[PDB]
Amino acid sequence: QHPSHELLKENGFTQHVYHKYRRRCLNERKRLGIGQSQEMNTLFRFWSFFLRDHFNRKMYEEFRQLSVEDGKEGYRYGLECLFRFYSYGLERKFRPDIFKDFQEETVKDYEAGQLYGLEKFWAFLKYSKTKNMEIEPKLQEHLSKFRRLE
Ligand SMILES: Cn1c[n+]([C@@H]2O[C@H](COP(=O)(O)OP(=O)(O)OP(=O)(O)OC[C@H]3O[C@@H](n4ccc(N)nc4=O)[C@H](O)[C@@H]3O)[C@@H](O)[C@H]2O)c2nc(N)[nH]c(=O)c21
């Protein structure tokens, strides 16, 4: 029924349906204001799921850009979506450039006094089969807090 749900089905993504849906969502974000469009929220959640299995760089960059913007104004649903995309998507297909972004946004989340991102990162490490991942020294320190909860 909802365009996000059509777009998420088996070979259900079409460009004209997505372009229409996106534009309305982004239009309603500007008209009503950040964090005040529920249709925009459906797009954060479409992106979180879609990009796990049909990654596209430009769509990823808008997702990350718009969710980081929302997060600084105080609306964290997009960032929560972003962090799930990182944690579940990098488990499907590891991409070292996306992994570096994941580290950058997690260290930012933690420096803001939040734990949602840091826990998704720890959870990625517990579930992932990727080997010889390079973890930033700063982030390695913050994760060191969860070893005590062992
Ligand atoms: C099996 N599992 C558990 N975790 C992570 O480990 C910690 C403890 O897990 P849980 O207690 O069960 O969730 P919890 O209640 O604590 O918080 P939560 O709200 O659930 O965040 C997670 C949210 O992912 C959404 N969602 C769900 C299903 C799906 N297909 N997509 C989703 O996107 C959904 O919305 C969900 O709620 C949490 O950090 C949790 O994320 C994992 N992480 C990775 N990479 N892979 C995993 O196979 C895995």
Side-chain angles (χ1 to χ4, degrees), residues 1-5 7-9 12-14 17-18 21-22 24-26 28-29 34-91 93-118 120-125 127-128 130-133 135-140 142-143 146 149:
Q1 208 56 237
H2 188 273
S4 89
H5 172 270
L7 301 159
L8 270 171
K9 306 258 74 160
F13 184 93
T14 69
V17 166
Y18 171 70
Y21 165 56
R22 183 191 167 257
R24 187 169 82 249
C25 295
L26 290 183
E28 188 184 276
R29 186 163 176 273
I34 289 165
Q36 226 73 15
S37 162
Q38 290 317 313
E39 275 287 304
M40 187 65 222
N41 281 332
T42 75
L43 183 54
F44 282 138
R45 166 208 190 271
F46 166 79
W47 284 333
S48 180
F49 282 115
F50 190 67
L51 286 287
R52 284 175 207 193
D53 296 291
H54 310 85
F55 181 82
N56 170 268
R57 165 137 137 181
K58 254 271 181 163
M59 181 185 285
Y60 162 71
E61 300 189 335
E62 179 161 71
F63 183 23
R64 172 180 188 201
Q65 182 65 66
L66 293 179
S67 73
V68 163
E69 254 172 47
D70 279 31
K72 295 159 64 273
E73 314 234 320
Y75 299 90
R76 288 184 55 80
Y77 181 61
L79 262 180
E80 281 146 25
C81 287
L82 183 69
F83 280 124
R84 289 187 291 262
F85 149 73
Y86 284 141
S87 192
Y88 296 97
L90 284 168
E91 174 176 12
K93 328 150 198 320
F94 185 75
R95 286 163 166 105
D97 56 11
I98 301 293
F99 187 55
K100 281 190 47 113
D101 297 350
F102 188 18
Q103 296 196 60
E104 281 155 37
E105 307 293 346
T106 301
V107 167
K108 260 158 82 184
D109 208 55
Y110 183 93
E111 282 169 326
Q114 305 293 352
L115 284 184
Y116 192 79
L118 194 72
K120 315 258 59 147
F121 197 84
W122 172 264
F124 166 79
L125 300 181
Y127 279 95
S128 162
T130 302
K131 302 286 136 93
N132 325 327
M133 310 209 254
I135 290 306
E136 223 152 50
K138 204 31 199 282
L139 184 48
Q140 220 177 274
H142 302 152
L143 295 164
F146 295 168
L149 314 165

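Read the numbers this way: they start at 1 and go in the same order the structure lists the ligands and their atoms. Numbering starts at 1 and runs along the sequence shown. When reading the values below, keep in mind they use all heavy atoms of this one structure, side chains included, and skip hydrogens, waters and symmetry mates.
Taking a cut-off of under 4.0 Å to the non-hydrogen atoms of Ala123, the atoms of ligand 1 that pass are 5 (C), 6 (O), 43 (N). Counting the atoms of ligand 1 from 1 in the order shown, those under 4.0 Å from a heavy atom of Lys120 are 21 (O), 22 (C), 39 (O), 40 (C), 41 (O). Those atoms of ligand 1 that come under 4.0 Å of a heavy atom in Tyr116, given as number and element, are 21 (O).
Residue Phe49 places a heavy atom less than 4.0 Å from ligand 1. Taking 4.0 Å as the cut-off, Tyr86 does not count as a neighbour of ligand 1 on heavy-atom distance. At least one heavy atom of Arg52 sits less than 4.0 Å from an atom of ligand 1.
Aromatic rings from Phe50 and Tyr60 are positioned such that their centres are separated by 6.0 Å or more.
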*asked:* ring-ring contact (aromatic ring centres under 6.0 Å, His included) for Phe49 and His5? Distances and angles first, verdict last.
replied: CA-CA 11 Å; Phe49 282 115; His5 172 270; over 10 Å; no
*Determine, step by step, whether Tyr86 and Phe124 satisfy the ring-ring contact (aromatic ring centres under 6.0 Å, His included) criterion, reporting the C-alpha distance in whole Å, the side-chain angles of both residues, the deciding distance to 0.1 Å, and the verdict.*
CA-CA 8 Å; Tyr86 284 141; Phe124 166 79; 9.6 Å; no
Check residues 67-74 and write down every donor-acceptor pair under 3.5 Å in which the side-chain atom is one partner and the other belongs to a residue at least two apart or another chain.
unit_1 : atom_1 : unit_2 : atom_2 : d
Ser67  : OG     : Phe63  : O      : 3.1
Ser67  : OG     : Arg64  : O      : 3.3
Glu69  : OE1    : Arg29  : NH2    : 3.1
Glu69  : OE2    : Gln65  : NE2    : 3.4
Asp70  : OD1    : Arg29  : NE     : 3.1
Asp70  : OD1    : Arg29  : NH2    : 2.7

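The salt bridge (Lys or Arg N to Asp or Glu O under 4.0 Å) contacts involving residues 76-87 comprise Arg76-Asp109, where partners must be two or more places apart or lie in separate chains.
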